[PDB]
Protein chains: 4
Amino acid sequence: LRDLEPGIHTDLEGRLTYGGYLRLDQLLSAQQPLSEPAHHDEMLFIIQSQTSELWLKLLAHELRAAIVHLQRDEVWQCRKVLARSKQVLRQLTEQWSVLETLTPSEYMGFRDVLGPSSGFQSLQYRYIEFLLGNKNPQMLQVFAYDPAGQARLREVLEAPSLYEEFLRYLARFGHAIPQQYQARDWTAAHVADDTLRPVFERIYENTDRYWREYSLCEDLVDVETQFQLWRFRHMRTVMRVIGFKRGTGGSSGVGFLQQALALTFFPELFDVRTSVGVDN
Amino acid sequence: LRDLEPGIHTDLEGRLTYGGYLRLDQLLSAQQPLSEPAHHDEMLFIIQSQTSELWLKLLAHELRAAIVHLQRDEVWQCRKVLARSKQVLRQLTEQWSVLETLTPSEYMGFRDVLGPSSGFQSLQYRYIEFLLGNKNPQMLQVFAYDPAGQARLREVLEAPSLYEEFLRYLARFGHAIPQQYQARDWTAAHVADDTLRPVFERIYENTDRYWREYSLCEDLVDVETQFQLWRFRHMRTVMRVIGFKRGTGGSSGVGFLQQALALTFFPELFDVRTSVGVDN
Amino acid sequence: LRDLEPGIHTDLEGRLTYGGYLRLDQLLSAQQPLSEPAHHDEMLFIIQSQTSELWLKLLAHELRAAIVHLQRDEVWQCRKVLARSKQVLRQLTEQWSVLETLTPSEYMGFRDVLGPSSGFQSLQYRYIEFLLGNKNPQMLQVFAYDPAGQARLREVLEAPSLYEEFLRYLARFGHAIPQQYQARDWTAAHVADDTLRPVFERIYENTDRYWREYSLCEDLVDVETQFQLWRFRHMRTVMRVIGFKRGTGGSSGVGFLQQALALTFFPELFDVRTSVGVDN
Amino acid sequence: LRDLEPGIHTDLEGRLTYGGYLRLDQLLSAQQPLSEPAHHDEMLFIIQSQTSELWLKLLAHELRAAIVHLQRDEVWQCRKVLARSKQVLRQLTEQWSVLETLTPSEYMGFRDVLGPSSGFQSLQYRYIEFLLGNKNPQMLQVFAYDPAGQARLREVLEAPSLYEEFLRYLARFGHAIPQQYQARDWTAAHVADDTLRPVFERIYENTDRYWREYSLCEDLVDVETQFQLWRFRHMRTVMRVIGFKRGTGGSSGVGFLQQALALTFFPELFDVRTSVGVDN
Ligand code: HEM
Ligand code: HEM
Ligand code: HEM
Ligand code: HEM
Ligand SMILES: N[C@@H](Cc1c[nH]c2ccccc12)C(=O)O
Ligand SMILES: N[C@@H](Cc1c[nH]c2ccccc12)C(=O)O
Ligand SMILES: N[C@@H](Cc1c[nH]c2ccccc12)C(=O)O
Ligand SMILES: N[C@@H](Cc1c[nH]c2ccccc12)C(=O)O
Ligand SMILES: N[C@@H](Cc1c[nH]c2ccccc12)C(=O)O
Ligand SMILES: N[C@@H](Cc1c[nH]c2ccccc12)C(=O)O
Ligand SMILES: N[C@@H](Cc1c[nH]c2ccccc12)C(=O)O
Ligand SMILES: N[C@@H](Cc1c[nH]c2ccccc12)C(=O)O
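Numbers given for residues start from 1 on each chain and follow the written sequence, which can depart from the numbering in the entry; residues without coordinates are excluded. Naming scheme: in the order in which they are written, chains are lettered from A and ligands are numbered from 1. Side-chain measures here rest on the full set of heavy atoms in the structure, leaving out hydrogens and waters. Residues with missing side-chain atoms are left out of burial classes, side-chain pairs and their counts.

The deposited coordinates, according to the entry record, derive from X-ray crystallography at 1.9 Å resolution.

Okay, here's the thing in structure tokens:
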């Protein structure tokens, strides 16, 4: 019904190809279900996590770029990168709707083939957690089988987080940021700091003067909020698929995931809500 | 802040892990930007397409199973598979929002590295179009360089589409379906059949009796609508990124994509809308 | 640029119009901000809640219908009404994205005009909560100021919930549902009932035999999951707008909201996850 | 299961409540179906449109403010309001998924009660259309039945559009904007202007310098894209509900709707895609 237009290239036998550029032979032979006989639902299971890992790879790529922009006081560029980061997190969050068509009786058909394998062992996810600030050195051991993986995590562990680079940015523009944010043991997760309260009150209550800082505060709140949405949707999927069974990874499951939901990446941004006044 | 739970597996050196099961060494080495020097936005571009191909792979996997169910008159199972299929199409549609953060001035930084490559050359996409019924034998020449891919496409070309299998299902349950749907040249795309109008009127106007048929009709309409939504969002993205420039694949671009949006997979389901009356 | 077709009705002076049918004079005169002078953001605030209440009215309309279908063993009809209900709950959940563009310094500009008013006093919301099974007699008093509204809330409180009507449906079809669900004091919130475990294990482990029951089970899990997602997105919005301040309604705020996230509408459906085996 | 905290206001008899503040008595009595006997689906039908009109009211409120900010060179504030406007348009677009659960056989049960009423007679929709730049004087006669309404619509018809106010903003900042945009007959819909091409090339090819203009250009592209998506989803819904029947408003229906999809609010922004080079 749609005729092939003249001008469309067909002899590609020798030029850059779609499959070549996207390395599709490699990409599309990475799905290796283990059930015997084959279980229909295992393909969804694999694809669900693989798409997530691709989005996580991009998210890390963008977040690193956002940090470089902050380091250079390039605010509008940082915000544009963060807008893309938000969209990526939104896709990661939206796609839970697919896996929710998987029932407990379907999953029980192949859960056993997974052995001890678990998202808890996701290097990319932990890399992102660390970069946003949720640094737990306990996680380094989990990755002993992958010394190389452990080393990349150590690297992000030892660098200022996204949030810390934001405070360092604020410091450069006259805000009353404590001196320790210029240099400290970055491997220690940030502890909520009440001396930042007046700093953010001033930004939120004088948006005309501190529009750049204000817009970045709200971006960071967006980023945390969406990440918590991801955690919550994952957790609700776990509840409907395995309920309160222990996880393949060896944790108590839902309870363990709920403990992460109770964490906050950017404590002072949320804390300031209790004291902020009207803008003027 | 979250302490590691006791019981979490960490001696993983000789066991199946997340990364192993999902083949992440292979999956996450498949992104090879060609820009020199590196262009920041090329990683997004690659990931966007690769995630789409992964979803397309799953979509084909599910649609094949839905067809098997239809062949066996397993309606409730067919509907469940179709439900998942809709969610996959929904993800494919939703993710355009990420790519919409790519501006023309960013794209012009690396568009030339793509040469003649184009999603028009996507084997999985064409497989899905053929399976839903949009069979254009002209497309076989796009895949001449890929004997194995051409053969896989030929196979779906030569078998009844999802829609035709639905019509064969209706025939098994006494609906007035022409004999030709029992066996015909399947490689010829379905032509709208006015003798099917009375068939669908009867289903829509007697939903109590033909509830199974009615629900499947609406599933198919859902599937078509979501597919058209994907095409439309893709097309609008093309508009904002390259405007009315010709495509890398050699087509007129937007106009060529608009010609597909003008097509319908399940013509009689939509046609019947003009003549259906009240249910009773 | 688009000419009006001849044939379009333009003289409507004495005929039923769009605005007339939808009562738009009435609908669009119900937004009365109290701020003086008017605060720009107050319109968003009112509209966000009003759109939600309209969706809640429709949700109640649909769920009542689903219950009537259940009472009449009309399963396919019930599922179709539940599908629409799921879409409504999805809109209620998605729209939080609009209100998240409201910042703390913006809100503080008009929060004071609200007095004690709070969504805790949403009659329609509580109606839905009660209908789904979260019954709490302590709420009746909140609506003492509105005896008509209070009475309607008492009515749903006194009738079996959607879940209990599901259990009664199962009883009619041979499932081992305890005698108490035939008639009892419905004003008491349902308590997790261990004797229901065998009932749901059987359904999930023999989906071919019990496809109707299995599909309704998964519909209810869907509804509960989406409702929890609404609560969560509401709670996260509360966090970014007022943080941990006490609510206008007099509660501790986020803490009080978190307590409802711990409630479950359909406890046994989630409980069965721990014991359910492979289907066959 | 959740105890009321002490301190929650339960005696509201004389105080401002949720219902009172939001005028819910007025809002929730605005649903007046005409079917006899009542048709179950008419409620969905009314609510779908009414929620849309509430969002449209908000959208107008925000767009007027965006314009005022524009007139005053307040770019960051303009962009914040536009971001909210985008979210509102996204809700208007997402909610079509609810109405798609309406089947033709359901609709035929009450379509006749509507007479000639149609969304074509939506004053608020037309207001937004006019404000965004698609001005058509032919429309004024449609609201001759509503003199106050017709006049409000004529007012926006004569005022510079959002787009025209953006060009005027560009002219105040040294961009080569033709003299005609300082003053002209605004009732005429904006025609595509080739002399603007070099203006937009300059912006897109020098984003470091023109980051304000670049960001606004892309905001406008965002708004137009989302608006076209609403048109497309509406149109696809019309297709699945009435097919190619003539509309109640007297138009040819789908074909008339498609004609608007070919309209463009910001022609030069899309046009410049064909000539823009790499940014630098
Ligand atoms: C059937 C679906 C799923 C189930 C039942 C499930 C279950 C679990 C459980 C029980 C844990 C805790 C660790 C453990 O004991 O294994 C966990 C953690 C995790 N999962 Fe999943 N999961 C599912 C899907 C997914 C998917 C599709 C992804 C990736 C897209 C994912 C990514 C993660 C991540 C990153 C963690 C670590 C979270 C943290 O450390 O706070 N999970 N999951
Ligand atoms: C910057 C973003 C994109 C642009 C500018 C673009 C442009 C185009 C153009 C011009 C065509 C027509 C064929 C040609 O002349 O090359 C096309 C077709 C196609 N593209 Fe894209 N595209 C984009 C993103 C994507 C993505 C992310 C995918 C995901 C797989 C995709 C999949 C397809 C498919 C399947 C077709 C064939 C459609 C048909 O045959 O009707 N495109 N695209
Ligand atoms: C800035 C926006 C909002 C804030 C700060 C907020 C805050 C709160 C707080 C503090 C409570 C606890 C009761 C109290 O002490 O007042 C609550 C409950 C509630 N809110 Fe909101 N809310 C917001 C928006 C909304 C919207 C738009 C709706 C739309 C329906 C809504 C519906 C409800 C409902 C139904 C409850 C009762 C929940 C329960 O009983 O578990 N809220 N909200
Ligand atoms: C079953 C649902 C619907 C059907 C069958 C339908 C059908 C139509 C038709 C046939 C037209 C062309 C004018 C005419 O001849 O009447 C139209 C236009 C329009 N409709 Fe709908 N519609 C539906 C739902 C809605 C809803 C829920 C809204 C919410 C606002 C809406 C808003 C509009 C608007 C604003 C136009 C004017 C578009 C333009 O002038 O380009 N419609 N619709
Ligand atoms: N955070 C929202 C709203 C927003 C847009 N621009 C802003 C500037 C300042 C504060 C908030 C905003 C967003 O990024 O879309
Ligand atoms: N942790 C999951 C298993 C799992 C979920 N997603 C995965 C992805 C890959 C490997 C394993 C998983 C469970 O307890 O069942
Ligand atoms: N087509 C919609 C609505 C729907 C659900 N069940 C149905 C049965 C018959 C007709 C339509 C429906 C869906 O699949 O969600
Ligand atoms: N066809 C696109 C190029 C393109 C889009 N997506 C792709 C994925 C892979 C290779 C090329 C592409 C263009 O005309 O610009
Ligand atoms: N619960 C999901 C998946 C589903 C569809 N049909 C089913 C039948 C049985 C179990 C689950 C399903 C849905 O309603 O879309
Ligand atoms: N409870 C909210 C106030 C609120 C939110 N949404 C509302 C809707 C109507 C009236 C009041 C509200 C607070 O503590 O700030
Ligand atoms: N237009 C997209 C991407 C974007 C964000 N900031 C920008 C600044 C300039 C250009 C584009 C952008 C958005 O608003 O999310
Ligand atoms: N124009 C629609 C009728 C319609 C759709 N939405 C409406 C809202 C109000 C009044 C009428 C309508 C039709 O031709 O069937």
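Asker: Is there a simple way to explain the site of ligand 5 in this structure?
Answerer: What makes a residue near a molecule or strand is one non-hydrogen atom of that residue sitting within 4 Å of it. Looking at ligand 5, the residues that line it are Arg 79, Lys 86, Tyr 214, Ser 215, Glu 218, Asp 219 and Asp 222 of chain A together with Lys 80 and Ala 83 of chain D. Residue neighbours of ligand 5 fall on chains A and D, so the site bridges chains. N or O atoms closer than or at 3.5 Å make up a polar contact, with two conditions inside protein: a donor-capable atom paired with an acceptor-capable one, and, for residues adjacent in sequence, both atoms drawn from side chains. The contact in question runs from a nitrogen atom of ligand 5 to an N or O atom on the side chain of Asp 222 of chain A, over 2.8 Å. Contact with the protein chains covers 87% of the free accessible surface of ligand 5, which is 360 Å². For the purposes of this entry, the term helix denotes a DSSP run of H or I that reaches at least four residues, the term strand denotes a run of E that reaches at least two, and both are numbered from the N terminus. Listed by contribution, the elements that provide at least two residues to the shell around ligand 5 are α4 (75-94) and α12 (211-241) of chain A together with α4 (75-94) of chain D. Sorting elements by how many residues they give to the shell around ligand 5 places α12 of chain A first, with five residues. The class makeup of the residues in the shell around ligand 5 is two nonpolar, one polar and six charged. Per-residue and other accessible areas follow the Shrake-Rupley method at a 1.4 Å probe size, with only the shown protein chains counted as cover for residues. Each residue is assigned to one of three groups, with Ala, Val, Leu, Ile, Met, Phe, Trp, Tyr, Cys and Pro labelled nonpolar, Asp, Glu, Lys and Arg labelled charged, and all others, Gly among them, labelled polar.

Asker: I tried to follow the relation of the copies chain D and chain C on my own but got confused; where do I start?
Answerer: Relating the two copies of this chain is a rotation about some axis coupled with a shift parallel to it. Here chain D sits on chain C after a turn of 180 degrees about the axis and a move of 0.0 Å along it, with an RMSD of 0.1 Å. What the rotation and shift describe, once combined, is the action of a two-fold rotation axis. Residue contacts are defined here by distance: any two heavy atoms, one from each residue, within 4.5 Å place the two residues in contact. Take the interface residues of chain D: 97% of them recur as interface residues in chain C, which is what a same-surface contact looks like. A least-squares fit, run on the C-alpha atoms, superposes the copies.

Asker: So what exactly am I meant to see when it comes to the side chain of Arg 236 of chain C here?
Answerer: Tracing the backbone shows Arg 236 of chain C in helix α11 (residues 211-242). Nearest to the buried, unbridged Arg 236 of chain C among oppositely charged side chains is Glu 224 of chain A, at 4.7 Å. Once residues within four sequence positions are removed from consideration, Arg 236 of chain C is found in contact with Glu 224, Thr 225, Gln 228 and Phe 270 of chain A. To sort residues, take the accessible area from a 1.4 Å probe on protein chains only and compare it with the maximum for the residue type: under 20% means buried, over 50% means exposed, and anything in between is partly exposed. Residues scored as positive are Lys and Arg, those scored as negative are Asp and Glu, and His as well as the terminal groups of each chain are ignored. Salt bridge criterion: a side-chain nitrogen from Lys or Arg within 4 Å of a carboxyl oxygen from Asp or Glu.

Asker: Even after reading the chapter, I still don't get the site of ligand 9, so can you show me in this structure?
Answerer: Near ligand 9 the following residues occur: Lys 80 and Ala 83 of chain B together with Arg 79, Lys 86, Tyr 214, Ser 215, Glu 218, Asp 219 and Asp 222 of chain C. Two or more chains meet at ligand 9, and those chains are chains B and C. Interatomic distance of 2.9 Å between a side-chain N/O atom of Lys 86 of chain C and an oxygen atom of ligand 9. In this structure, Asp 222 of chain C approaches ligand 9 through a side-chain N or O atom, which is 2.9 Å from a nitrogen atom. Coverage of ligand 9 by the protein chains reaches 86% of its 350 Å² of free accessible surface. When residues of the shell around ligand 9 are traced back to their parent elements, those giving at least two are α4 (75-94) of chain B together with α4 (75-94) and α11 of chain C. Broken down by element, the residue count for the shell around ligand 9 peaks at five residues, all from α11 of chain C. Each residue belonging to the shell around ligand 9 can be placed in one class, and the counts come to two nonpolar, one polar and six charged.

Asker: Could you clarify how one ought to interpret the relation of the copies chain A and chain D in this entry?
Answerer: For the match of chain A to chain D, the screw axis carries a shift of 0.0 Å, the RMSD comes to 0.3 Å, and the turn is 179 degrees. A shared binding surface is used by both copies, with 90% of the interface residues of chain A retained as interface residues in chain D.

Asker: For this particular structure, what's the right way to read the interface of chain A and chain D?
Answerer: How big an interface is tends to be expressed through the accessible area that disappears when the partners come together. Between chain A and chain D, the contact holds ten residues from the first and ten residues from the second. Looking at the side of chain A that touches chain D, the elements that each hand over two or more residues are α4 and α12 of chain A. Among the elements that line the side of chain A that touches chain D, the one with the most residues is α4 of chain A, at five residues. Classifying every residue of the side of chain A that touches chain D by side-chain character gives three nonpolar, two polar and five charged.

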